[PDB]
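Q: just the structure for this:
(chains A and B)
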Amino acid sequence: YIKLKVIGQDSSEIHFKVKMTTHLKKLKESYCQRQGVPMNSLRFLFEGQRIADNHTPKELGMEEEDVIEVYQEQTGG
Amino acid sequence: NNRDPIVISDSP
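A: Numbering: from 1, shown residues only, chains lettered A, B, ... in the order given. Take a look at the structure below.
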């Protein structure tokens, strides 16, 4: 699998174990559901760009133990 | 350390 290291605001090493075949859409929502926040509230940043709902770990250049950031959106949701 | 591994379920 692919372990994505998400940088939490409280400095947490969130290790998301994703599957190389599933769209990041299901991963993005699952992250929100786990933290107890609605989707569109947090933006996932990868290489400066933000992961879209139609993005897959196959593109961009995602690898094992990769680093991904998460920040709150200006809208809050 | 504060690393937590998350495993989800792949479903359409």
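
Q: residue A:2 reaches residue A:63, doesn't it?
A: Yes. Contact criterion CB atoms under 8 Å: residue A:2 and residue A:63 qualify, at 7.2 Å. In short, each C-beta sits where N, CA and C put it, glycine included.

Q: more neighbours: the two, which one.
A: Between residue A:2 and residue A:63, counted using other CB atoms under 10 Å in any protein chain shown, the more crowded position is residue A:2 (15 against 11).

Q: so how far is residue A:29 from the closest residue to that one other than its chain neighbours?
A: With sequence-adjacent residues excluded and distances taken as CB to CB, 6 or more residues apart in numbering or on different chains, residue A:2 is closest to residue A:18, at 4.8 Å. Separation of residue A:18 from residue A:29 (CB to CB, to the nearest Å): 13 Å.

Q: look at these two and report which has more neighbours.
A: Per other CB under 10 Å, whichever of residue A:18 and residue A:29 has more neighbours is residue A:18, with 22 against 15.

Q: using the three-state scheme, assign residue B:6.
A: strand (DSSP: H, G, I helix; E, B strand; the rest coil).

Q: and if you look at residue A:43?
A: Assignment for residue A:43 (three-state DSSP): strand.

Q: contacting residues for it?
A: Residue A:43 makes contacts with A:50, A:70-73, as judged by CB atoms under 8 Å, 6 or more residues apart in numbering or on different chains.

Q: TSV for those, including neighbour count?
A: Compiled in TSV, the contacts of residue A:43 are given as follows (neighbours: other CB atoms under 10 Å in any protein chain shown):
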residue	neighbour count
A:50	13
A:70	18
A:71	12
A:72	12
A:73	11
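
Q: now render the residues you listed as JSON lines, adding distance to chain B.
A: Shown next, in JSON lines, are these (distance: CB to the nearest CB, whole Å):
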{"residue": "A:50", "distance to chain B": "20"}
{"residue": "A:70", "distance to chain B": "13"}
{"residue": "A:71", "distance to chain B": "18"}
{"residue": "A:72", "distance to chain B": "19"}
{"residue": "A:73", "distance to chain B": "21"}
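
Q: what's the most distant pair in the residues you listed?
A: With CB to CB as the measure, no two of the contacts of residue A:43 lie farther apart than A:50 and A:72, at 12.5 Å.

Q: please consider this matter closed, and thank you.
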